[PDB]
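Report on one structure; see the data block that follows.
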Amino acid sequence: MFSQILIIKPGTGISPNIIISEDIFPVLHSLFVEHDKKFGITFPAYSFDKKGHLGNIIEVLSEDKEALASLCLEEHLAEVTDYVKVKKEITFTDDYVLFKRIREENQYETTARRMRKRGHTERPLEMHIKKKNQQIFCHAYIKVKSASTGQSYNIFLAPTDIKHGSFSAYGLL
RNA sequence: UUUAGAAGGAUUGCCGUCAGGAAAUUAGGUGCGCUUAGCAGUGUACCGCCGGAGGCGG
């Protein structure tokens with residue numbers, strides 16, 4: 001489907017990850033919440049070696065050649081331009097590896113509270129947190145702040161093989 | 001197709017008593033260490049929700 005490719009300009013001091021997290025996410029999520037129809041996000045350079053990176057490059061994907069123009073890409077990112085360039089041609093294509101959202105247990109105290117009142121009252125838990133968190137953590141992230149809960153959380157990512165489907169507000173499957 | 005082919009070494013035991021190492025000394029003059037440099041995988045993994053382990057929202 002149609003797509004608009006996003007560079008971060010390289011060799012500027014700041015890392016890709018920081019620039020991607022702070023700039024691109026907030027404005028894309030605000031635009032995504034606004035224009036309700038679920039768009040999609042793909043990273044053309046995922047390269048999991050022992051841990052997993054995210055690359056210089058991201059792709060916004062959608063299935064309407066005018067919906068991308070309804071997002072007004074190159075005029076929204078008009079402050080931080082020195083670190084981001086937004087190409088302006090919504091070219092269709094049929095090659096991509098879509099991504100999803102992996103989750104990660106939660107700290108022992110926050111599980112406990114639910115773990116007691118919910119019932120199922122009173123070391124087996126700690127093994128579950130340690131194993132489940134240790135397995136996942138070695139993937140990529142995109143630190144996220146909050147508008148409501150006003151909290152800091154990290155949204156991990158991982159590939160999949162669906163090649164079509166229905167997406168979410170942040171951008172994954 | 002090998003100087004081929006073969007093989008049970010084994011039982012037992014009290015090393016002991018005594019003793020002065022000791023007197024003398026000069027290690028000494030010299031000395032060029034010295035050019036360069038960006039520390040981090042995002043600096044962390046937060047509240048809840050289903051639900052008898054496995055999931056999903058922000």
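Residue numbering restarts at 1 for every chain, and letters A, B, ... go by the order of the sequence lines. Below, each value reflects all heavy atoms present in this structure, side chains not excepted, and no hydrogens, waters or symmetry copies.
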Mind checking if B/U36 and B/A37 stack, meaning centres of the six-membered rings less than 5.5 Å apart and planes less than 30° off? yes
Determine whether neighbouring nucleotides B/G33 and B/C34 are base-stacked, defined as six-membered ring centroids separated by less than 5.5 Å with an interplanar angle below 30°. yes
Would you kindly give the [atom1]-to-[atom2] distance between [X] and [N], to the nearest whole Å?
X	N	atom1	atom2	result
A/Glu104	B/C46	CD	P	8 Å
A/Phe156	B/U42	CZ	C1'	11 Å
A/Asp23	B/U42	CG	P	16 Å

Secondary-structure string, 5' to 3', Watson-Crick or G-U under 3.5 Å, | for another-strand partners, for RNA chain B: .............................................(.(((...))).)
Residues in side chain to side chain contact (heavy atoms under 4.5 Å, CB included) contact with A/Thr12, at least two apart in sequence or another chain: A/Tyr83
According to the interplanar angle, ranging from 0 to 90°, do the rings of A/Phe48 and A/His139 count as parallel (below 30°), tilted (30 to 60°) or perpendicular (above 60°)? tilted
Sticking with atom [atom1], work out how far [N] lies from [M], rounded to a whole angstrom.
N	M	atom1	value
B/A6	B/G13	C1'	37 Å
B/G58	B/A45	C1'	15 Å
B/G33	B/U44	P	47 Å
B/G38	B/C34	P	23 Å
B/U2	B/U12	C1'	45 Å
B/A40	B/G48	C1'	33 Å
B/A23	B/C14	P	47 Å

Which nucleotide, B/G58, B/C47, B/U42, lies nearest any side-chain atom of A/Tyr141? B/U42
Within the side chain of A/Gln4, is there an N or O that forms a donor-acceptor pair under 3.5 Å with the backbone of A/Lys87? yes
Phosphate-side-chain proximity, A/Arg114 and B/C49, N/O vs OP1/OP2 below 4.0 Å: yes
